[PDB]
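The structure appears right after this line, and notes come after that.
What follows is calculated from the coordinates using simple rules that are stated; it is not laboratory data. Every residue, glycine among them, receives a Cβ derived from its backbone with ideal geometry; neighbour counts consider all protein chains shown.
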Amino acid sequence: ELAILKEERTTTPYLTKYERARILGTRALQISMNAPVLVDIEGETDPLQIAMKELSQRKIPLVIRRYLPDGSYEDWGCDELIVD
Amino acid sequence: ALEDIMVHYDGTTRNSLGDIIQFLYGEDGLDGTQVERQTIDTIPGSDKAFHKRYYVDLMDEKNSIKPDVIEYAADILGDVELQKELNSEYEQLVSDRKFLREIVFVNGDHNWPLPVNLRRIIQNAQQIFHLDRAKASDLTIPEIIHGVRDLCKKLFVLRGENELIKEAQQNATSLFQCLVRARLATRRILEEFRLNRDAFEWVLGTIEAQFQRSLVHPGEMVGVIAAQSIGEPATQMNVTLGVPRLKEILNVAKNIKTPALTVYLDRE
Amino acid sequence: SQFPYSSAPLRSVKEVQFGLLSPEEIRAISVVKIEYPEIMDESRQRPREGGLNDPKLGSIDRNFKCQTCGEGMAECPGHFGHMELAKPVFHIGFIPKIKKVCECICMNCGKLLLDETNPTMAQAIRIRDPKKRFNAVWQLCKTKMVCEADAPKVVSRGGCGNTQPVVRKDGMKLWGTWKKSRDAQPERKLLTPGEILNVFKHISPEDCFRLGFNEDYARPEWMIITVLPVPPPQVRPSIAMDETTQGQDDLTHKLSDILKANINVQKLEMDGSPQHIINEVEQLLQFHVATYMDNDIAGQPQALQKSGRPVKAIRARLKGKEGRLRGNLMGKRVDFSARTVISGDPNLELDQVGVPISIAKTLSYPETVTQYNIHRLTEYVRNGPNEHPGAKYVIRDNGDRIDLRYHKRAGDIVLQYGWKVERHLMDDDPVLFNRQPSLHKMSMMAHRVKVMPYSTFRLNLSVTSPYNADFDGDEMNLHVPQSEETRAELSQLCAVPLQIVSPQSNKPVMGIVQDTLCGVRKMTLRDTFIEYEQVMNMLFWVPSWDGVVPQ
Amino acid sequence: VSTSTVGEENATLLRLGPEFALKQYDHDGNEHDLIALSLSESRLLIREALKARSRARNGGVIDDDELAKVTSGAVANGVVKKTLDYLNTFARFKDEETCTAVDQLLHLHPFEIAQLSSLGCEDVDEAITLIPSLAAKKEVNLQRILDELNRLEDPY
Amino acid sequence: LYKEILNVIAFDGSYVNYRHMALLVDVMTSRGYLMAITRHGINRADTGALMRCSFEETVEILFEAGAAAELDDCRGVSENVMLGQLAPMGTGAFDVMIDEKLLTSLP
Amino acid sequence: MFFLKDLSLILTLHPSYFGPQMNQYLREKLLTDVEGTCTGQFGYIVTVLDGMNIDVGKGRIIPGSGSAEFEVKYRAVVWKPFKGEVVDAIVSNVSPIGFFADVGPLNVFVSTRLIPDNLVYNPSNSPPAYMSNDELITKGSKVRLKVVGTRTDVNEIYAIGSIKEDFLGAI
Amino acid sequence: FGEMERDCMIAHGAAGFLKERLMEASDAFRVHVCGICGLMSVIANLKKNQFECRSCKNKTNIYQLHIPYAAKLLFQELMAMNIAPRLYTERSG
RNA sequence: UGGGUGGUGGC
Ligand SMILES: [Mg+2]
Ligand SMILES: [Zn+2]
Ligand SMILES: [Zn+2]
Ligand SMILES: [Zn+2]
């Protein structure tokens, strides 16, 4: 109906900072609610530093749904998008 | 007035309805903080200055590269196979000079706010790679030409492959590619700055990455930042100027107080 | 957790369907018909059912639960009532649009004085915008003077041939002037609202669709009120005058005045009526319904209270700077704020703000009890609420509040994985920081927490330029996040190191101020020499110095 | 709680309400005729689905009281066991061979097609009474339908 | 219009990026005529109903909201604030899913 | 009356469930929550088709709460009765006020005023039944009734039958 | 936390902070809607757990929301002035 | 733990 295949993807393949902000907030909220961490834990035990330790390595199980302004949307995985 | 304007993931500018306002954000796609005023060097000066700085000549010996700076200098003089490259590129820059002279920046004031400032990267590579010496280099002219020409098709602002995409791509970064070829032409690099190969490849990769990192971000609520950042000098500010002139320009009057003409006369 | 559980699932609003209300749907939504002007029974302790304070509407007393929803006052939204007016009235807010509508159509059959025959009208039909559609029909019909009996063999469209009157507006009272015939007596007469109701009930749905309305949402016999609803008393709750007597809200006074004029209407048609005693009591009913929604109508004196003050309408509860929207919805007052007077302190970083201890005691932050923060949070319990660094509450997994000023036994409390604890304002948290008024997008900037005695706010002095603060007594506020999400929002966008460069003028707007600047210019003049010994300290002060003096 | 694709009931007058219109829509938006199931069809689907779910849980390795234990929760065990025994004692065509034969014989509203299969009948008189919707359709063979249906009906 | 704004700001030495003035002068000619900044400009747009009601004249424009059966899909900002919603910008211009792709890659 | 119905269920998952078996948990959760339940809108949901292959989709993270919202679409066999619908049944009990008949999931009550007059309740008989001369309705008797009223508790539905009409009665 | 504070929050854009401010540290308030006539007339008994849109005889098409108590105040004020805000939770066109 | 008016002072 709306959705586009993952090959016509003409939006920018970067994370930008607003996207980055929401990913950090939501991943940190999950790991605050006892979602176990994929990366090592040295001294970074506060959840925001845990989230930046993940995004440093690009280890994030989320999906951006950019609503393109028709209404359709490009399901970008985190794994493919280039971390700034 | 503006409180919804959001730059979306197509580089356009819509309200809540979808009244598109600018097809490309700020006519360039570039984030508003990320500029400096630089000097597009191929605007000012005479034809003598341009033809002395840039015009390569591979038949006459002395107007070519003075051979102290390059290693391969035995392998050069006379070859029309490379002369036609350089004549095409000199005509390229005459096209750019006519372009930036007669279309865009007509009165020739060359200082303009334009993104990522390359000169700083050049001298950063220079101080990194110890670039005195006054030494032969192994970096060839065809690698310069193909580096510039293979640069000017890697500055994707508007990505995708439809016809208006490629057209809007070339409409987008014409001035920025004009800047790069206004600086990194062959006689300027291989005389006035004296790079090597490895410095030049690092220059190419870094101009790539930072003109990628100064694209505008999507969702920058540019109307709101715009409205505040025009209201802010309105805080601290015979024709009417200042706050009532700003008020009349906004609240648009049919009766402003003292209108005016700018009437040129003809040249004779 | 802050709400009691329900089975209907949470969804956000997507589409506002604005529309009008039928008299029917008002009669079908309520629970009680409204009758009696007195509030009390006979001043006898639970006032009169049938008066205005029906406990089936929702009780505005803490200790008597509601008698329709069966909840407390904390949860009952209220329930609408409605007062059956005997005489139908105008809604006060539609009288120009109702004016235009009775300018449009026939007054006998109620049909539009144009069809698709006249082709400019036939072009105006094609418009997808309702508003300028009704503008175009309003334009082309104001010149058409006669209801065509014929189609504009008799093709009788529906009209009788009687002319169409000229619609004036006079406040609440309309004056239609037919050209009752050429020239003969013009009967400029008051358009009684019930006559127009009987007109409006005779409209085809096509004339609804052409004239800028919609049938299942805005049917223009619904712009005349037969039944004016009663809101539940949360919207007019009684105020303790001096802690025994309740002065009422002015809606209660006005609905009482409406119900009194209602009964004095129904008193006249049940006995001998001298025919303008009818007219004045009806016009008084219309007046009371007018001032129920608006006490600002032009030309007429205001509705007045028992002090000499005007009455708080519904219109006065919505317009103005301090209405519900600009004063309560678009912007409002909130909590977890703080506020003081500031002081400079150059012995600081750029993203640090001094916190007086008592403000750290009062405010808090809910840190989640996780598996990586149990020990300190248990210690912050063991400081309790009179000792920084510490805690004030444990919210359980369900919604249990334990105020630790009112609990003897912190020592026997284990905590569970996933409970919630609000500890105090400890170091290194985001705070928002902010000075009224905001003028550019740096005027709110995030920071970090440094805890100091001697109760004022500390700053760096390089941040003096963006907020535009001096130190002759400014107030700067301090909002606090109450979630993890907003913490990361602030820490990645509104932090000072990411807002250095203002797109106002594509330059840094946070620089050097008075003393550091004029001092460094006095320092690095050419003829300034320093002995080695003082230089030892001076290069010790740099946090980023490696450990190597220059030559 | 649970919702569907669609966003006075009288079975005699074929008024089945807003949920069971003639044209339904699947989870892709495609149009589809209403799927009304005879007692015999329903017996096949329910039994197949229950044993297929049990096989999938066993990685790929009969009785109704055992087949109904595949469900989760005592409420589901109850409704399914009560439904199988009802279908076990009133499904005329208790195998897919006969069932497809009845399918082709009948393939006219989808509700009627399921009723004719579920309710055994002798004559046309009994069919137009119990299913008063077949009145004004005017296209019988009905009798040989009922005769073939009754002949296809296995003994018990 | 642009020449006017750049004049009367930059008379007192003060400096403005092009793209902010550009966005202002292009919104002022979105619709082929000067959509000036008053109630007459924004409220005579067919945009979101409460967004237009939040600026001026909220009584009349609410009466024209309910008076003509408008459908406000609430994509304006002020709606989504006063309906207490994830507003559509910043972090909320776009939803975030869970991912069966990467959680299949996970053990 | 049995149907195949395309249904869906909104499932909200707490972040502590964001583990490697998330999709399988949701599929089991759908079955536990939907199978055997009754609603007046669809009826009894008897069994869900293809339960182990249900596509649960992707979970949308709810802003401000961290939890994920899945819309689990599925197709089930549903049973809803109708006023006017003739059905067969098995009588479960007989009492002085009529009898109760099991029609699949639910139970139908037929009262004495909706039983033909010649059928007389005989308690002395063993086993107790409503009897005539050539009629016999005891517990376990196949009967054909007509649903004349459906009442909905949203938990269990209640239907009242009748055999006071043509071709209805014992079979 | 006035207007122009919300303005600079919009300029930063992190609206999730704004949904903290104007929902959660304020009059967080919970209402119900019947999904057919779209209104909040639905009477809420909870320990008996039953509901009735009495203008519709609707007993199933019921959702709750999370709106500011002053927004609910707006809605009750308007319905007491006969304008009908109806909140449908799906995009229609 | 009142409302509602009104006055003066702070940035
Ligand atoms: Mg000052
Ligand atoms: Zn109640
Ligand atoms: Zn007429
Ligand atoms: Zn309803």
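Each row is one residue, and each column tells you yes or no for (1) within 14 Å of chain E (Cβ to nearest Cβ); (2) under 29 Å from the mean Cα position of the chain (by Cα); (3) under 30 Å from C:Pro55 (Cβ atoms); (4) part of a helix (DSSP H, G or I).
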site: C:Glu195; (1), (2), (3), (4): no, no, no, yes
site: C:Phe209; (1), (2), (3), (4): yes, no, no, yes
site: C:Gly212; (1), (2), (3), (4): yes, yes, no, no
site: C:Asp216; (1), (2), (3), (4): yes, yes, no, no
site: C:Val227; (1), (2), (3), (4): no, yes, yes, no
site: C:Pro233; (1), (2), (3), (4): no, yes, yes, no
site: C:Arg236; (1), (2), (3), (4): no, yes, yes, no
site: C:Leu255; (1), (2), (3), (4): no, yes, yes, yes
site: C:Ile263; (1), (2), (3), (4): no, no, yes, yes
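What do you reckon, is B:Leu17 under 30 Å from E:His40 (Cα atoms) and either part of a loop (DSSP other than H, G, I, E, B) or of a type in the set (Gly, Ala, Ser) (or both)?
Answer is yes for this residue.
Please list, ordered by residue number, the strands (runs of 3 or more DSSP E) wholly in region G:1-91 having 1 or more residues that are charged (D, E, K, R) and more than 16 Å from RNA strand H (Cβ to nearest atom).
G:86-88
Being over 14 Å from the mean Cα position of the chain (by Cα), in a loop (DSSP other than H, G, I, E, B), under 30 Å from G:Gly13 (Cβ atoms) and within 14 Å of chain A (Cβ to nearest Cβ), is that true of even one residue in region B:204-217?
yes
Among the residues of region C:445-462, how many are within 16 Å of RNA strand H (Cβ to nearest atom) and crowded, with 22+ Cβ neighbours inside 10 Å?
2
Those residues that are more than 26 Å from the chain's Cα centre (by Cα) and more than 16 Å from RNA strand H (Cβ to nearest atom), I need them from region C:57-67; list them, please.
C:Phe64, C:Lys65, C:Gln67
If C:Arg44 satisfies all but one of (1) crowded, with 17+ Cβ neighbours inside 10 Å; (2) at negative phi; (3) away from RNA strand H (no atom under 16 Å from the Cβ), what's the number of the condition it fails?
Failed condition: (1).
To keep it simple, each residue is scored yes or no on (1) assigned to a loop (DSSP other than H, G, I, E, B); (2) away from ligand 4 (no atom under 16 Å from the Cβ); (3) surrounded by 13 or more Cβ atoms within 10 Å (Cβ to Cβ).
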site: C:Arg168; (1), (2), (3): no, yes, yes
site: C:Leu174; (1), (2), (3): no, yes, yes
site: C:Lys180; (1), (2), (3): yes, yes, no
site: C:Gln185; (1), (2), (3): yes, yes, no
site: C:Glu206; (1), (2), (3): no, yes, no
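So how many residues does region B:10-43 have that are among the small types (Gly, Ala, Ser), over 20 Å from the mean Cα position of the chain (by Cα) and crowded, with 19+ Cβ neighbours inside 10 Å?
Here the count works out to 1.
In region C:79-160, which helices (runs of 4 or more DSSP H) lie fully inside it and hold 2 or more residues that are within 14 Å of another protein chain (Cβ to nearest Cβ) and either within 16 Å of RNA strand H (Cβ to nearest atom) or not small (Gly, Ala, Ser) (or both)?
C:95-104, C:130-141
For region E:19-45, what are the residues that are part of a helix (DSSP H, G or I) and more than 7 Å from chain B (Cβ to nearest Cβ)?
E:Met21, E:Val25, E:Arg39, E:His40, E:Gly41
Starting from region E:46-63, keep only residues that are within 9 Å of chain C (Cβ to nearest Cβ), then list their pairs with residues that are of a type in the set (S, T, N, Q) whose Cβ atoms are within a distance under 6 Å, requiring at least 6 positions of separation or different chains.
If the second residue must be of a type in the set (S, T, N, Q), the pairs left are E:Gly48/B:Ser16; E:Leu50/E:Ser78; E:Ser54/E:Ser78.
C:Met476 fails exactly one of the following numbered conditions: (1) more than 16 Å from ligand 1 (Cβ to nearest atom); (2) among the hydrophobic types (A, V, I, L, M, F, W, C); (3) under 32 Å from the mean Cα position of the chain (by Cα). What is the number of that condition?
(1)
Filter region C:69-78 down to residues that are surrounded by fewer than 21 Cβ atoms within 10 Å (Cβ to Cβ) and either within 11 Å of chain G (Cβ to nearest Cβ) or within 16 Å of ligand 4 (Cβ to nearest atom) (or both), then give me how many there are.
Total meeting the criteria: 5.
Considering (1) outside any helix (DSSP H, G or I); (2) within 14 Å of another protein chain (Cβ to nearest Cβ); (3) surrounded by 12 or more Cβ atoms within 10 Å (Cβ to Cβ), say which one C:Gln371 fails and leave the rest.
The failed condition is (3).
Answer yes or no as to whether C:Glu475 is closer than 26 Å to C:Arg333 by Cβ, more than 16 Å from RNA strand H (Cβ to nearest atom), within 14 Å of chain G (Cβ to nearest Cβ) and acidic (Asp, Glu).
Considered against the rule, which asks whether it is closer than 26 Å to C:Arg333 by Cβ, more than 16 Å from RNA strand H (Cβ to nearest atom), within 14 Å of chain G (Cβ to nearest Cβ) and acidic (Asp, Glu), C:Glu475 comes out as no.
Which ones in region C:463-472 are away from RNA strand H (no atom under 13 Å from the Cβ) and not small (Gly, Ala, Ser)?
C:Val463, C:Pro466
Give the residues of region D:85-111 that are more than 9 Å from chain F (Cβ to nearest Cβ) and either in a loop (DSSP other than H, G, I, E, B) or of a type in the set (A, V, I, L, M) (or both), sorted by residue number.
Of everything in region D:85-111, those that are more than 9 Å from chain F (Cβ to nearest Cβ) and either in a loop (DSSP other than H, G, I, E, B) or of a type in the set (A, V, I, L, M) (or both) turn out to be D:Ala91, D:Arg92, D:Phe93, D:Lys94, D:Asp95, D:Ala101, D:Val102, D:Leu105, D:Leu106, D:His107, D:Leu108, D:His109.
Those residues that are touching a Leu at 6+ places or on another chain (Cβ under 6 Å) and away from chain E (no Cβ under 13 Å), I need them from region G:1-50; list them, please.
none
How about region C:18-35: which of its residues are out of contact with any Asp or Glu (no Cβ under 9 Å at 6 or more places or on another chain) and under 16 Å from C:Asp216 (Cα atoms)?
Answer for region C:18-35, where residues must be out of contact with any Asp or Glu (no Cβ under 9 Å at 6 or more places or on another chain) and under 16 Å from C:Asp216 (Cα atoms): C:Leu20, C:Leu21, C:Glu24, C:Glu25, C:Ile26, C:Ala28.
Taking region A:11-42 only, how many residues are out of contact with any strand residue (DSSP E or B) (no Cβ under 8 Å at 6 or more places or on another chain) and within 11 Å of chain B (Cβ to nearest Cβ)?
5
If we scan region B:253-262, do we find a residue that is over 30 Å from A:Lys17 (Cα atoms), within 14 Å of chain C (Cβ to nearest Cβ) and among the aliphatic types (A, V, I, L, M)?
There is no residue in region B:253-262 that is over 30 Å from A:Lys17 (Cα atoms), within 14 Å of chain C (Cβ to nearest Cβ) and among the aliphatic types (A, V, I, L, M).
Name the residue that is nearest to C:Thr68 (Cα to Cα), counting only residues in region C:238-252 that are outside any loop (DSSP other than H, G, I, E, B) and β-branched (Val, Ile, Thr).
So, considering only residues that are outside any loop (DSSP other than H, G, I, E, B) and β-branched (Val, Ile, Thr), the one nearest to C:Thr68 (Cα to Cα) is C:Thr252.
From C:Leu493, C:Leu439, grab the single residue that is away from ligand 3 (no atom under 16 Å from the Cβ), assigned to a loop (DSSP other than H, G, I, E, B) and either hydrophobic (A, V, I, L, M, F, W, C) or under 27 Å from G:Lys19 (Cα atoms) (or both).
Result: C:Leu439 is the single residue among C:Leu493, C:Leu439 that is away from ligand 3 (no atom under 16 Å from the Cβ), assigned to a loop (DSSP other than H, G, I, E, B) and either hydrophobic (A, V, I, L, M, F, W, C) or under 27 Å from G:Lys19 (Cα atoms) (or both).
Only one of (1) of a type outside the set (D, E, K, R); (2) out of contact with any strand residue (DSSP E or B) (no Cβ under 8 Å at 6 or more places or on another chain); (3) more than 28 Å from B:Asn251 (Cα to Cα) fails for E:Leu34. Which number is that?
(3)
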